[PDB]
Each structure stands twice: as C-alpha cells, then as structure tokens.
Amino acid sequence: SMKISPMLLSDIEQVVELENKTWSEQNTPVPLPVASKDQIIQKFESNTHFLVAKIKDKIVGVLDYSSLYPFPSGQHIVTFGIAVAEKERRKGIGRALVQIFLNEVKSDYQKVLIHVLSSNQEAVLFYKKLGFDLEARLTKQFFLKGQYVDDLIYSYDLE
C-alpha cells in the first residue's frame, strides 16, 4: 500500500536517483543532470519542503515546494516540482502528492504558480485534470532538440 510522508535526511540518496532518472530535455530546459546530494541538502537547508511517496519504504514519488519569491510583495505565491517513477505512473501517486501539498499550503498562500514546458505532454494533462488553470503562454522560450518549446504557466487559486 502507498503512503505519503515527510522526506527524511536518509531518503536523499533515493530522491537523487529517482529525479535523475526522471528529468530529460523533454520536461526541463536546465542542463542535465539537475539533481545531486548536495543540491538537495542545500534546498532542505533553505526551507524547501519535500513530500515523498513510498511503496514498501521504497521511494516512488517526490514533491518539493517553496515560496516563489523571497521578497514580501510576492510572498503569497507558492511553487513546486514533482517526479513520479516511470514504472509507477498512472496509478494515482501524482494526484495524491499534489493533494496533500495543496492542503499544506492552503492556509499560508493565496496562489500556486508553475512553469510547464509545452513538450511535457503528460504534465499538461495532469495539471489540467487536477484543476489547474492555464494562465499564460510564453512563446518560443526554449530551444531543445531542434524544437522551439513554449513555456506554459499554470496556476491554482488557493483563494
């Protein structure tokens, strides 16, 4: 059975491995690899929070979130990343992560906002399905694999 829980310091090896199997030029414009033990600790030590999903105390999903801006005028906007293990997808894990996340931040923020590469077909469908709004589209933001990719900006009304 599947459980969601706070990420442990001792879980970081696994989160690194999972993320680095997950990120491709299809879903991020940053150079690869994006994850490392020390990058993840840096984040952990600067207030980014991590939800993790396990199946037999094996990590199969991860969601990190944090304030979008470090200054007060923008402090009411939260952002997040999420990665589900390829073999474990389409089983409700993403949904369940997003759902507890939303209930964490409900109280403390007004608005969720994320950036999605237009090449990220499953993310596009995922976010629409979970009720996010397509707020903006930035045209030809990135060149990846000989294609011009757009940046789709999705938001969520915490209210």
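Residue positions are given as counts along the sequence shown, with the first one as 1.
Trainee: Got a sec? Mean C-alpha B-factor, which is higher, 127-135 or 51-59?
Mentor: So the stretch with the higher mean C-alpha B-factor is 51-59.
Trainee: Which has higher Cα B-factors on average according to the PDB entry: 93-101 or 106-114?
Mentor: Averaged over C-alpha atoms, the B-factors run higher in 106-114.
Trainee: Sort the modelled residues of this chain by their C-alpha B factor and say whether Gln42 lands in the lowest, middle or highest third.
Mentor: Highest third.
Trainee: Which third of the chain does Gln75 land in by C-alpha B-factor: lowest, middle or highest?
Mentor: Top third by C-alpha B-factor.
Trainee: By the recorded C-alpha temperature factor, relative to the other modelled residues in its chain, which third is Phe142 in?
Mentor: Within its chain, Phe142 is a lowest-third residue by C-alpha B-factor, going by the deposited values.
Trainee: Tell me, lowest, middle or highest third: where does the Cα B factor of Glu13 rank within its chain?
Mentor: For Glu13, the deposited C-alpha B-factor lands in the highest third.
Trainee: Should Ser66 be placed in the lowest, middle or highest third of its chain by the C-alpha B factor in the entry?
Mentor: Its C-alpha B-factor belongs to the lowest third of this chain's values.
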